[PDB]
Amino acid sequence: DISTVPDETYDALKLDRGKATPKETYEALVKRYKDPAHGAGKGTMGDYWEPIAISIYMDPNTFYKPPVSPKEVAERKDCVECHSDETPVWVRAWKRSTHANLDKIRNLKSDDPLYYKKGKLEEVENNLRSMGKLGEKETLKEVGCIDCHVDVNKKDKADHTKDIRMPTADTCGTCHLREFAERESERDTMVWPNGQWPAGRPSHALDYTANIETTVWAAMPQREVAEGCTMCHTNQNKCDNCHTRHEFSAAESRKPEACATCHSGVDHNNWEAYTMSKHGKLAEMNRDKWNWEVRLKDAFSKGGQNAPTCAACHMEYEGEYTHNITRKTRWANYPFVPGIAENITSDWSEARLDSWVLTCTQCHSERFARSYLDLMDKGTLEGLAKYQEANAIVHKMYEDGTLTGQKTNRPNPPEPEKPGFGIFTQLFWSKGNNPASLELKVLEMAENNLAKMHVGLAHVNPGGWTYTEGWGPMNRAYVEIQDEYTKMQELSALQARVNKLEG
């Protein structure tokens, strides 16, 4: 029994918690994980796009084949020797890593804060014996190149042109079953009460599926642009985005910088908001006083950590830490998504608010934490109200057929996309007056500036929902929307007067 995995996961897998072996649990998780119906492969719009060269690393299970050269047949030791100058830093980083130094983990003492790693090593060994990859009286010697890139605990020679693979989530999960299962449990825990988002979303478990099931991503001709989106959406496929290859350091993944590359930018500025907040500035100032090697559960005591971080806040749930990051989500970044605001006062959201309060009250008083979280909720709605007034104007114009070029120069989006108003497609594709300026402006008002307003509120950066992001930029959009609206009415009336003189 992996006690950190929810009942819903075992139930969805048709497994008994107590009876299931590591082999059985792994096999069931992988069966779902690799099923096209459950999100794997090219997805529903696969006939519209082809992989590019980098795609073999982004989705290895669908696209990866080993290189035609070098034509080599190598032992475990040969991988290291040859790559020591072929890809030198990979060898050096690996040699530095825990994966290459398992004996040091066995020698750990019970009074070491890092002792938990010895228990985890034995857990991995227990998993592997169950899978038949390790002998009952055989210790795992190391986790080397050939283990991840060919087969776990391989004893013989590998063909470089035939046997080499890119380690995917299921590869890591062969040993790290707990973490793989916890991550996969996002499919089962992230279920919205009214289907505000698709079941299991948003999550890391289905980030790549979300990406390839986005219409413009599949429809747009600019493949190299689309694949930038893919690079932020690979957690589904590979486990090296927070703790990177080839050091695979847990301490690294605990640092706020590990999340920054993806959780940043114009429609979700989490890195920007967090680091500018007091929380994040303290994290910058105190990073050398904190013991990052300590597990998240020990961070606030044995680690000396006195300010919250992405991982500590988002991986915490009801006093425990898992690779499941979905269970406290209420707003889900984009406050305008139908049903989200309306759901904010439900028992479901309230229970998730309670769970957040527990996170905050490790430091703040409950009265303090609830006071600010109330400000966050109401400030988000206040932003939403502002956008809704502006959208009422522009959406009316669309339905009235009065947007610039709407009947004159609005070519259809690329297949299989269908035409519409203020659609996600119009951010990554445009032609003629599709979209119109007003249309893009009100779209970005919600997509970018309202989203960033909420992020600013959620991550405690005053400027990030007032002057600089959120209210400031939304104020301008509102002003310019109203201005263009009035100008276009005035011009429409002037056109009507010229029509009269002609009639």
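In case it trips you up, residue 1 is the first one in the sequence shown, and so on.
Chemist: Per the entry, where is the mean C-alpha temperature factor higher: 26 to 34 or 467 to 475?
Modeler: In the deposited entry, the stretch with the higher C-alpha B-factor mean is 26 to 34.
Chemist: Decide which of the stretches 116 to 124 and 229 to 237 has the higher mean C-alpha B-factor, going by the entry.
Modeler: Stretch with the greater average CA B-factor: 116 to 124.
Chemist: Based on the PDB record, which member of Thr209, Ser84, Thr244, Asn433 exhibits the highest Cα temperature factor?
Modeler: In the PDB entry, the greatest C-alpha B-factor among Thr209, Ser84, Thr244, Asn433 is found at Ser84.
Chemist: Pick out which of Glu213, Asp267, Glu224, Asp163 has the highest C-alpha B-factor in the PDB entry.
Modeler: Highest C-alpha B-factor among the listed options: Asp163.
Chemist: Considering every modelled residue of the chain and its Cα B-factor in the PDB entry, is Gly195 in the lowest, middle or highest third?
Modeler: Middle third by C-alpha B-factor.
Chemist: Would the CA B-factor of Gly43 place it in the lowest, middle or highest third of its chain?
Modeler: Middle third, going by the recorded CA B-factors of the chain.
Chemist: Sorting the chain's modelled residues by C-alpha B-factor, tell me whether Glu389 ends up in the lowest, middle or highest third.
Modeler: Middle third - that is where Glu389 ends up once the chain's C-alpha B-factors are sorted.
Chemist: Considering every modelled residue of the chain and its Cα B-factor in the PDB entry, is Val68 in the lowest, middle or highest third?
Modeler: Within its chain, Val68 is a highest-third residue by C-alpha B-factor, going by the deposited values.
Chemist: For the chain shown, is the CA B-factor of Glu138 in the lowest, middle or highest third of its modelled residues?
Modeler: Highest third - that is where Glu138 ends up once the chain's C-alpha B-factors are sorted.
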